[PDB]
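Step one of this worksheet: look at the structure below.
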Amino acid sequence: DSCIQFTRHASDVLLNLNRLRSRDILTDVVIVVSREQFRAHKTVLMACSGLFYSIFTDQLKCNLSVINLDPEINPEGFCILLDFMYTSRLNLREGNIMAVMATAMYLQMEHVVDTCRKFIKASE
Amino acid sequence: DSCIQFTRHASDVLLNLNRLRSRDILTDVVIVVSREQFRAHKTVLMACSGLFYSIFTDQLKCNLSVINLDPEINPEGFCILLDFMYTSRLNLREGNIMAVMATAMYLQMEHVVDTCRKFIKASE
Amino acid sequence: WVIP
Amino acid sequence: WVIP
Ligand SMILES: O=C1Cc2cc(Nc3nc(Cl)ncc3Br)ccc2N1
Ligand SMILES: O=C1Cc2cc(Nc3nc(Cl)ncc3Br)ccc2N1
Ligand SMILES: [Cl-]
Ligand SMILES: [Cl-]
């Protein structure tokens, strides 16, 4: 086509979606990770995770307001990944890398899994 | 912080939200523009438009499944802007620029209004 | 704005 | 991935 493109549009959209998340506006699901609860937008979770995409396209699970993750999932690893979904920034540290990688594999977040594998390979 | 950032994340999120829109997945509102209807995600509309942000943060309108725009709004201008919201690409043409600018002013989409004003100033 |  |  003959379209023009606004370079910062995608980043500005995500920044605003994160602002809605911070003020708990139009969040439509609670993700339960052991004793912790995380409110989010189903659409953002689906756009970032192969697991949430599969969950919310299911004719029965699409209507659930609460999703319980596997008990092996670490709440801090989930929190770091939820922040990454809404910001593009990943708080990857020596102390959390194993939990973050395991959570990203479970959530089917291929690019996060890739950088975790590379950071782990550099330290061996 | 000491975060790392995935450059293409925001663009990949928006691409996936547009894929959900194309398959009519988790759309939660109909925007009525005269005889035309447009299905969309409330969160994406709020993230792109000062008007939709004001509408869906209202304690009564946040719950509406149908929103009727002012009858002066052109359905083609709206369609072009809805496409821009989900893609960052604006199909701006000599034949549609006046309708697109008027629709962007009504929707409170400041960056679109700015480029329309500049393209109009260049042709005078 | 750019030409994509 | 980059240093932002
Ligand atoms: O690593 C990742 C990230 C991700 C996101 C989605 N999400 C969607 N995929 C498609 Cl094709 N359409 C709409 C949506 Br929402 C699917 C798989 C994966 N794997
Ligand atoms: O030209 C524009 C585009 C736009 C978008 C929003 N959307 C939001 N703004 C804020 Cl501050 N927080 C969350 C959201 Br969603 C507000 C105003 C405007 N004006
Ligand atoms: Cl990813
Ligand atoms: Cl804009």
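Order determines the names: the first chain of the structure tokens is A, the second B, and so forth; residues in each chain are numbered 1 upward, and ligands are numbered 1 upward as they are shown.
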
- request: Give the residues close to ligand 4, within 8 Å, counting only C-alpha atoms and all ligand atoms; write them as a ChimeraX atom specification.
  value: /A:9 /B:48-49,85,104,108-113

Using N, CA and C atoms, can you export the residues from the last selection as a tab-separated table (two decimals), in the first residue's frame?
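Produced file result-v3.tsv, reproduced below:
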chain	number	residue	atom	x	y	z
A	9	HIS	N	4.07	4.39	17.62
A	9	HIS	CA	2.69	3.99	17.93
A	9	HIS	C	2.59	2.72	18.79
B	48	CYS	N	-5.42	4.26	22.19
B	48	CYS	CA	-5.19	5.06	20.97
B	48	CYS	C	-5.92	6.39	20.88
B	49	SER	N	-7.03	6.55	21.63
B	49	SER	CA	-7.94	7.68	21.45
B	49	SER	C	-8.32	8.30	22.78
B	85	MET	N	-4.96	2.29	14.47
B	85	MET	CA	-4.83	1.90	15.88
B	85	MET	C	-4.19	0.52	16.04
B	104	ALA	N	-10.05	12.07	13.34
B	104	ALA	CA	-8.97	12.06	14.34
B	104	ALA	C	-9.14	13.18	15.39
B	108	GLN	N	-9.74	12.39	19.23
B	108	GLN	CA	-8.63	12.89	20.05
B	108	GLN	C	-7.37	12.01	19.86
B	109	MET	N	-6.92	11.93	18.61
B	109	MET	CA	-5.73	11.19	18.18
B	109	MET	C	-4.74	12.23	17.65
B	110	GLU	N	-4.04	12.87	18.61
B	110	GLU	CA	-3.16	14.03	18.37
B	110	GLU	C	-2.09	13.85	17.29
B	111	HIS	N	-1.40	12.71	17.24
B	111	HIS	CA	-0.35	12.50	16.23
B	111	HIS	C	-0.92	12.42	14.82
B	112	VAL	N	-2.09	11.77	14.65
B	112	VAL	CA	-2.77	11.71	13.35
B	112	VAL	C	-3.18	13.12	12.91
B	113	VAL	N	-3.82	13.89	13.82
B	113	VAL	CA	-4.23	15.28	13.53
B	113	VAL	C	-3.01	16.09	13.03

message: Any residue with an atom at most 12 Å from ligand 3 counts, using only C-alpha atoms and all ligand atoms. Which are they? Put them as a count of residues only.
response: 42

After superposing chain B onto chain A (least squares, all C-alpha atoms, pairing by order), export the transformed chain as a short mmCIF file (atom, residue, chain, number, x, y, z; two decimals) with N, CA and C atoms, in the first residue's frame.
data_model
loop_
_atom_site.label_atom_id
_atom_site.label_comp_id
_atom_site.auth_asym_id
_atom_site.auth_seq_id
_atom_site.Cartn_x
_atom_site.Cartn_y
_atom_site.Cartn_z
N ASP B 1 0.82 -1.21 0.00
CA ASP B 1 0.00 0.00 0.00
C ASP B 1 0.87 1.28 0.00
N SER B 2 0.22 2.46 0.06
CA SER B 2 0.88 3.75 0.12
C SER B 2 0.75 4.37 1.54
N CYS B 3 0.62 3.53 2.58
CA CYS B 3 0.48 3.98 3.97
C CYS B 3 1.73 4.73 4.47
N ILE B 4 1.56 5.61 5.47
CA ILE B 4 2.64 6.20 6.25
C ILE B 4 2.59 5.45 7.60
N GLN B 5 3.68 5.44 8.37
CA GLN B 5 3.69 4.73 9.65
C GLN B 5 4.21 5.61 10.78
N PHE B 6 3.57 5.54 11.96
CA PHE B 6 4.04 6.30 13.11
C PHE B 6 4.91 5.37 13.94
N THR B 7 6.22 5.56 13.85
CA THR B 7 7.24 4.72 14.52
C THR B 7 6.95 4.37 15.99
N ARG B 8 6.59 5.37 16.81
CA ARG B 8 6.36 5.15 18.24
C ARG B 8 4.96 4.61 18.61
N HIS B 9 4.07 4.39 17.62
CA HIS B 9 2.69 3.99 17.93
C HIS B 9 2.59 2.73 18.79
N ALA B 10 3.25 1.62 18.37
CA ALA B 10 3.16 0.35 19.13
C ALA B 10 3.63 0.51 20.60
N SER B 11 4.74 1.23 20.81
CA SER B 11 5.30 1.47 22.14
C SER B 11 4.33 2.30 22.98
N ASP B 12 3.72 3.34 22.36
CA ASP B 12 2.74 4.23 23.04
C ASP B 12 1.50 3.43 23.44
N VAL B 13 1.03 2.52 22.55
CA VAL B 13 -0.13 1.66 22.88
C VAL B 13 0.20 0.81 24.12
N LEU B 14 1.35 0.15 24.10
CA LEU B 14 1.74 -0.74 25.21
C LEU B 14 1.90 0.04 26.54
N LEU B 15 2.50 1.23 26.46
CA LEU B 15 2.64 2.13 27.62
C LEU B 15 1.24 2.42 28.20
N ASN B 16 0.25 2.72 27.33
CA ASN B 16 -1.10 2.99 27.81
C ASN B 16 -1.78 1.76 28.39
N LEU B 17 -1.55 0.59 27.78
CA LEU B 17 -2.13 -0.64 28.32
C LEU B 17 -1.54 -0.90 29.72
N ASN B 18 -0.23 -0.63 29.91
CA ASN B 18 0.41 -0.80 31.23
C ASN B 18 -0.19 0.19 32.26
N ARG B 19 -0.52 1.42 31.83
CA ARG B 19 -1.16 2.42 32.68
C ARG B 19 -2.54 1.93 33.11
N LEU B 20 -3.30 1.28 32.18
CA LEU B 20 -4.60 0.72 32.55
C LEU B 20 -4.41 -0.40 33.58
N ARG B 21 -3.39 -1.26 33.35
CA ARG B 21 -3.08 -2.33 34.29
C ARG B 21 -2.77 -1.77 35.71
N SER B 22 -1.90 -0.75 35.80
CA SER B 22 -1.49 -0.12 37.06
C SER B 22 -2.68 0.46 37.85
N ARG B 23 -3.70 0.98 37.14
CA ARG B 23 -4.91 1.55 37.75
C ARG B 23 -6.06 0.53 37.82
N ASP B 24 -5.78 -0.73 37.43
CA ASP B 24 -6.74 -1.84 37.43
C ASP B 24 -8.00 -1.55 36.56
N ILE B 25 -7.81 -0.88 35.43
CA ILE B 25 -8.90 -0.50 34.52
C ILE B 25 -9.11 -1.56 33.44
N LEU B 26 -10.35 -2.09 33.37
CA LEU B 26 -10.79 -3.07 32.37
C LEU B 26 -10.00 -4.40 32.39
N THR B 27 -9.32 -4.70 33.51
CA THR B 27 -8.69 -6.01 33.71
C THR B 27 -9.86 -7.00 33.80
N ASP B 28 -9.72 -8.16 33.18
CA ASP B 28 -10.83 -9.11 33.09
C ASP B 28 -10.48 -10.51 33.52
N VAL B 29 -9.31 -10.69 34.13
CA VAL B 29 -8.90 -12.01 34.63
C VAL B 29 -7.92 -11.86 35.78
N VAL B 30 -7.94 -12.84 36.69
CA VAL B 30 -7.01 -12.99 37.80
C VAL B 30 -6.20 -14.26 37.48
N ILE B 31 -4.87 -14.16 37.51
CA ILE B 31 -3.98 -15.30 37.34
C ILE B 31 -3.49 -15.65 38.74
N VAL B 32 -3.79 -16.88 39.17
CA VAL B 32 -3.40 -17.34 40.51
C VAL B 32 -2.15 -18.20 40.42
N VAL B 33 -1.10 -17.79 41.15
CA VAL B 33 0.20 -18.46 41.18
C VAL B 33 0.49 -18.71 42.65
N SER B 34 0.09 -19.90 43.14
CA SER B 34 0.19 -20.31 44.55
C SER B 34 -0.65 -19.35 45.44
N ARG B 35 -0.02 -18.63 46.39
CA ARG B 35 -0.69 -17.70 47.31
C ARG B 35 -0.86 -16.29 46.72
N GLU B 36 -0.29 -16.04 45.51
CA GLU B 36 -0.36 -14.72 44.87
C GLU B 36 -1.40 -14.66 43.76
N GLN B 37 -1.96 -13.46 43.55
CA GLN B 37 -2.94 -13.14 42.53
C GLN B 37 -2.46 -11.99 41.67
N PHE B 38 -2.63 -12.09 40.34
CA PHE B 38 -2.19 -11.05 39.39
C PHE B 38 -3.33 -10.71 38.46
N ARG B 39 -3.77 -9.44 38.47
CA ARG B 39 -4.85 -9.01 37.58
C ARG B 39 -4.25 -8.60 36.24
N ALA B 40 -4.94 -8.91 35.14
CA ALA B 40 -4.42 -8.57 33.80
C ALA B 40 -5.53 -8.50 32.77
N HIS B 41 -5.15 -8.14 31.53
CA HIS B 41 -6.05 -8.09 30.39
C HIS B 41 -5.81 -9.39 29.61
N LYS B 42 -6.87 -10.19 29.40
CA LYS B 42 -6.78 -11.44 28.62
C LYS B 42 -6.08 -11.20 27.26
N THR B 43 -6.47 -10.13 26.55
CA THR B 43 -5.89 -9.86 25.22
C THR B 43 -4.39 -9.68 25.26
N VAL B 44 -3.87 -8.95 26.26
CA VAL B 44 -2.41 -8.75 26.39
C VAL B 44 -1.71 -10.08 26.70
N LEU B 45 -2.29 -10.88 27.62
CA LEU B 45 -1.71 -12.19 27.93
C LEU B 45 -1.63 -13.08 26.68
N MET B 46 -2.69 -13.10 25.86
CA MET B 46 -2.73 -13.90 24.62
C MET B 46 -1.71 -13.42 23.61
N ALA B 47 -1.56 -12.09 23.50
CA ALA B 47 -0.62 -11.48 22.55
C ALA B 47 0.86 -11.81 22.90
N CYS B 48 1.14 -12.13 24.19
CA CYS B 48 2.51 -12.38 24.68
C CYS B 48 2.89 -13.84 24.92
N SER B 49 1.90 -14.72 25.13
CA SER B 49 2.14 -16.08 25.61
C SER B 49 1.37 -17.10 24.81
N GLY B 50 2.07 -18.12 24.32
CA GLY B 50 1.43 -19.22 23.60
C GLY B 50 0.47 -19.99 24.50
N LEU B 51 0.81 -20.09 25.82
CA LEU B 51 -0.10 -20.77 26.76
C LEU B 51 -1.43 -19.98 26.94
N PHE B 52 -1.36 -18.66 27.20
CA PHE B 52 -2.59 -17.87 27.37
C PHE B 52 -3.39 -17.79 26.08
N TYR B 53 -2.69 -17.77 24.93
CA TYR B 53 -3.39 -17.76 23.63
C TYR B 53 -4.27 -19.03 23.53
N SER B 54 -3.69 -20.21 23.85
CA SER B 54 -4.40 -21.49 23.83
C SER B 54 -5.56 -21.51 24.84
N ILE B 55 -5.34 -20.99 26.05
CA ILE B 55 -6.36 -20.92 27.12
C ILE B 55 -7.56 -20.07 26.73
N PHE B 56 -7.32 -18.82 26.31
CA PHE B 56 -8.44 -17.93 26.08
C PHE B 56 -9.10 -18.10 24.70
N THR B 57 -8.58 -18.99 23.84
CA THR B 57 -9.27 -19.30 22.58
C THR B 57 -10.11 -20.57 22.78
N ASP B 58 -9.99 -21.21 23.96
CA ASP B 58 -10.81 -22.39 24.27
C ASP B 58 -12.22 -21.90 24.57
N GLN B 59 -13.24 -22.53 23.95
CA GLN B 59 -14.66 -22.15 24.07
C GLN B 59 -15.19 -22.15 25.52
N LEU B 60 -14.60 -22.94 26.44
CA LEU B 60 -15.01 -22.92 27.85
C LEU B 60 -14.13 -22.00 28.69
N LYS B 61 -12.79 -22.07 28.52
CA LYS B 61 -11.88 -21.30 29.37
C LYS B 61 -11.89 -19.81 29.05
N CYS B 62 -12.30 -19.42 27.81
CA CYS B 62 -12.38 -18.01 27.40
C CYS B 62 -13.25 -17.18 28.35
N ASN B 63 -14.23 -17.84 29.03
CA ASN B 63 -15.20 -17.24 29.94
C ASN B 63 -14.81 -17.26 31.42
N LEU B 64 -13.65 -17.85 31.75
CA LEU B 64 -13.23 -17.90 33.14
C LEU B 64 -12.65 -16.57 33.58
N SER B 65 -12.94 -16.14 34.82
CA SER B 65 -12.41 -14.90 35.37
C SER B 65 -11.17 -15.18 36.25
N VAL B 66 -10.93 -16.47 36.55
CA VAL B 66 -9.79 -16.93 37.37
C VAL B 66 -9.10 -18.10 36.64
N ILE B 67 -7.76 -18.01 36.51
CA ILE B 67 -6.92 -19.06 35.93
C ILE B 67 -5.85 -19.44 36.96
N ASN B 68 -5.79 -20.73 37.31
CA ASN B 68 -4.81 -21.24 38.25
C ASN B 68 -3.64 -21.87 37.52
N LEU B 69 -2.44 -21.35 37.74
CA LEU B 69 -1.25 -21.92 37.11
C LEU B 69 -0.75 -23.15 37.89
N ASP B 70 0.09 -23.96 37.25
CA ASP B 70 0.70 -25.16 37.82
C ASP B 70 1.39 -24.78 39.15
N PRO B 71 1.23 -25.56 40.23
CA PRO B 71 1.87 -25.18 41.52
C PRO B 71 3.39 -25.05 41.50
N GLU B 72 4.06 -25.60 40.48
CA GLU B 72 5.52 -25.51 40.36
C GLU B 72 5.94 -24.09 39.94
N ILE B 73 5.00 -23.29 39.42
CA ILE B 73 5.34 -21.94 38.95
C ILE B 73 5.61 -20.99 40.11
N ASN B 74 6.73 -20.30 40.01
CA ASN B 74 7.20 -19.34 40.99
C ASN B 74 6.48 -17.99 40.80
N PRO B 75 5.83 -17.42 41.86
CA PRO B 75 5.14 -16.12 41.70
C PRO B 75 6.05 -14.97 41.27
N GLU B 76 7.32 -14.94 41.75
CA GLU B 76 8.24 -13.87 41.36
C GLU B 76 8.58 -13.97 39.85
N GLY B 77 8.87 -15.18 39.37
CA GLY B 77 9.12 -15.42 37.94
C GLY B 77 7.93 -14.97 37.11
N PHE B 78 6.71 -15.30 37.57
CA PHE B 78 5.50 -14.85 36.85
C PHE B 78 5.41 -13.31 36.84
N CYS B 79 5.60 -12.68 38.00
CA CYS B 79 5.55 -11.23 38.13
C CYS B 79 6.52 -10.52 37.14
N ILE B 80 7.76 -11.04 37.04
CA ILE B 80 8.80 -10.50 36.15
C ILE B 80 8.32 -10.62 34.71
N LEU B 81 7.73 -11.77 34.37
CA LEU B 81 7.24 -11.97 33.00
C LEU B 81 6.01 -11.14 32.68
N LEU B 82 5.10 -10.95 33.67
CA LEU B 82 3.92 -10.10 33.48
C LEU B 82 4.37 -8.65 33.22
N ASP B 83 5.34 -8.17 34.00
CA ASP B 83 5.92 -6.86 33.78
C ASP B 83 6.52 -6.76 32.35
N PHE B 84 7.28 -7.77 31.91
CA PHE B 84 7.84 -7.80 30.55
C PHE B 84 6.72 -7.69 29.49
N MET B 85 5.63 -8.46 29.67
CA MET B 85 4.53 -8.40 28.69
C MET B 85 4.03 -6.98 28.46
N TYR B 86 3.87 -6.21 29.55
CA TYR B 86 3.32 -4.86 29.49
C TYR B 86 4.34 -3.77 29.25
N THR B 87 5.64 -4.11 29.22
CA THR B 87 6.65 -3.05 29.09
C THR B 87 7.79 -3.28 28.09
N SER B 88 8.00 -4.53 27.66
CA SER B 88 9.14 -5.00 26.81
C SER B 88 10.43 -5.11 27.64
N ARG B 89 10.41 -4.75 28.94
CA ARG B 89 11.61 -4.81 29.78
C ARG B 89 11.60 -6.03 30.65
N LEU B 90 12.71 -6.75 30.66
CA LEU B 90 12.86 -7.98 31.43
C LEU B 90 13.90 -7.80 32.53
N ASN B 91 13.47 -7.96 33.80
CA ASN B 91 14.37 -7.83 34.95
C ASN B 91 15.06 -9.18 35.23
N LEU B 92 16.03 -9.52 34.39
CA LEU B 92 16.77 -10.77 34.45
C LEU B 92 18.01 -10.60 35.32
N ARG B 93 18.08 -11.40 36.41
CA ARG B 93 19.16 -11.35 37.40
C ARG B 93 19.67 -12.76 37.70
N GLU B 94 20.94 -12.88 38.13
CA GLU B 94 21.51 -14.19 38.48
C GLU B 94 20.58 -14.99 39.44
N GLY B 95 20.01 -14.30 40.42
CA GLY B 95 19.13 -14.90 41.41
C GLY B 95 17.75 -15.31 40.93
N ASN B 96 17.30 -14.81 39.76
CA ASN B 96 15.95 -15.16 39.29
C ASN B 96 15.92 -15.86 37.92
N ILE B 97 17.08 -15.95 37.22
CA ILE B 97 17.12 -16.46 35.84
C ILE B 97 16.55 -17.87 35.68
N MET B 98 16.84 -18.78 36.62
CA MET B 98 16.29 -20.13 36.50
C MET B 98 14.77 -20.14 36.59
N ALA B 99 14.18 -19.38 37.55
CA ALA B 99 12.72 -19.30 37.73
C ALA B 99 12.08 -18.59 36.54
N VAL B 100 12.73 -17.52 36.03
CA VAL B 100 12.20 -16.79 34.87
C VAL B 100 12.17 -17.72 33.64
N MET B 101 13.28 -18.45 33.36
CA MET B 101 13.33 -19.34 32.20
C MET B 101 12.27 -20.44 32.30
N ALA B 102 12.14 -21.07 33.47
CA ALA B 102 11.13 -22.14 33.69
C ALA B 102 9.71 -21.60 33.47
N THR B 103 9.43 -20.38 33.98
CA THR B 103 8.12 -19.75 33.81
C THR B 103 7.88 -19.43 32.32
N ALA B 104 8.90 -18.86 31.62
CA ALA B 104 8.76 -18.53 30.19
C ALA B 104 8.54 -19.79 29.32
N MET B 105 9.17 -20.92 29.69
CA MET B 105 8.94 -22.17 28.95
C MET B 105 7.48 -22.63 29.12
N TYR B 106 6.98 -22.59 30.35
CA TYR B 106 5.60 -22.97 30.69
C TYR B 106 4.61 -22.03 29.96
N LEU B 107 4.88 -20.71 29.97
CA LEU B 107 4.02 -19.71 29.33
C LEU B 107 4.17 -19.67 27.81
N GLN B 108 5.19 -20.35 27.26
CA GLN B 108 5.47 -20.38 25.82
C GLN B 108 5.77 -18.96 25.30
N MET B 109 6.82 -18.37 25.87
CA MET B 109 7.34 -17.03 25.53
C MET B 109 8.74 -17.25 24.97
N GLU B 110 8.78 -17.63 23.68
CA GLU B 110 9.99 -18.07 22.97
C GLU B 110 11.19 -17.11 23.03
N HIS B 111 10.98 -15.80 22.86
CA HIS B 111 12.10 -14.85 22.88
C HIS B 111 12.74 -14.74 24.27
N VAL B 112 11.91 -14.78 25.33
CA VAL B 112 12.42 -14.77 26.71
C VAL B 112 13.25 -16.05 26.97
N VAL B 113 12.70 -17.23 26.59
CA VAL B 113 13.42 -18.51 26.74
C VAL B 113 14.80 -18.43 26.06
N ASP B 114 14.85 -17.90 24.83
CA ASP B 114 16.08 -17.71 24.05
C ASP B 114 17.13 -16.86 24.78
N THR B 115 16.77 -15.66 25.30
CA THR B 115 17.76 -14.83 26.01
C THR B 115 18.22 -15.47 27.31
N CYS B 116 17.32 -16.20 28.00
CA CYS B 116 17.68 -16.89 29.26
C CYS B 116 18.72 -17.95 28.98
N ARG B 117 18.50 -18.77 27.93
CA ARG B 117 19.43 -19.82 27.52
C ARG B 117 20.82 -19.25 27.19
N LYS B 118 20.85 -18.09 26.49
CA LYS B 118 22.11 -17.41 26.13
C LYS B 118 22.85 -16.84 27.34
N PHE B 119 22.11 -16.22 28.30
CA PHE B 119 22.71 -15.68 29.53
C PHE B 119 23.25 -16.80 30.42
N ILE B 120 22.53 -17.94 30.48
CA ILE B 120 22.99 -19.12 31.24
C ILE B 120 24.26 -19.72 30.61
N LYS B 121 24.30 -19.85 29.26
CA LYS B 121 25.45 -20.39 28.52
C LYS B 121 26.71 -19.53 28.72
N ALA B 122 26.55 -18.20 28.84
CA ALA B 122 27.67 -17.28 29.05
C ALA B 122 28.33 -17.44 30.44
N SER B 123 27.55 -17.84 31.46
CA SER B 123 28.03 -17.99 32.84
C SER B 123 28.66 -19.36 33.16
N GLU B 124 28.43 -20.39 32.31
CA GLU B 124 28.99 -21.74 32.53
C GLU B 124 30.48 -21.85 32.19
#

statement: re CA of residue 4 (chain D) and atom 12 (N, counted along the ligand's line) of ligand 1: distance 27.2 Å

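When CA of residue 2 (chain D) is paired with atom 2 (C, counted along the ligand's line) of ligand 1, their separation reads 19.1 Å.
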
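In this structure, atom 6 (C, counted along the ligand's line) of ligand 1 sits 24.8 Å away from CA of residue 3 (chain D).
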